[PDB]
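Enquirer: Submitted below is the structure of interest, expressed as structure tokens.
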Amino acid sequence: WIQXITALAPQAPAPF
């Protein structure tokens with residue numbers, strides 16, 4: 001679950 005969020009960390013700014 002820490003690598004589910006950290007792999008999405010650079011994918012938070014590109015949509016939002």
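Every chain in the structure tokens takes a letter, A first, then B, and so on in the order presented; its residues are numbered from 1, and the ligands are numbered from 1 following the presented order.
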If you run DSSP on the backbone, which residues of chain A are helix (DSSP H, G or I), as an MDAnalysis selection string?
Expert: chainID A and resid 2:11
Enquirer: Keeping only N, CA and C atoms, write the selected residues as a compact mmCIF listing (two decimals), in the first residue's frame.
Expert:
# COMPACT_ATOMS: atom_id res chain seq x y z
N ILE A 2 2.07 1.32 0.56
CA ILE A 2 3.04 2.45 0.43
C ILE A 2 3.55 2.64 -1.04
N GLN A 3 3.90 1.57 -1.76
CA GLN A 3 4.19 1.63 -3.22
C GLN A 3 2.98 1.85 -4.17
N UNK A 4 1.73 1.44 -3.82
CA UNK A 4 0.46 1.91 -4.49
C UNK A 4 0.39 3.50 -4.51
N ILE A 5 0.53 4.19 -3.34
CA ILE A 5 0.60 5.67 -3.27
C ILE A 5 1.89 6.32 -3.87
N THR A 6 3.11 5.83 -3.56
CA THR A 6 4.40 6.42 -4.07
C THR A 6 4.58 6.34 -5.63
N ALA A 7 4.21 5.22 -6.29
CA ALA A 7 4.00 5.13 -7.77
C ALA A 7 2.94 6.16 -8.35
N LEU A 8 1.84 6.45 -7.61
CA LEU A 8 0.93 7.57 -7.92
C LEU A 8 1.41 8.99 -7.48
N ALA A 9 2.45 9.18 -6.62
CA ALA A 9 2.95 10.54 -6.20
C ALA A 9 3.27 11.52 -7.42
N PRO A 10 4.08 11.21 -8.48
CA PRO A 10 4.15 12.05 -9.72
C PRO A 10 2.88 12.10 -10.63
N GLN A 11 1.93 11.16 -10.46
CA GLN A 11 0.59 11.18 -11.06
C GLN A 11 -0.50 11.97 -10.25
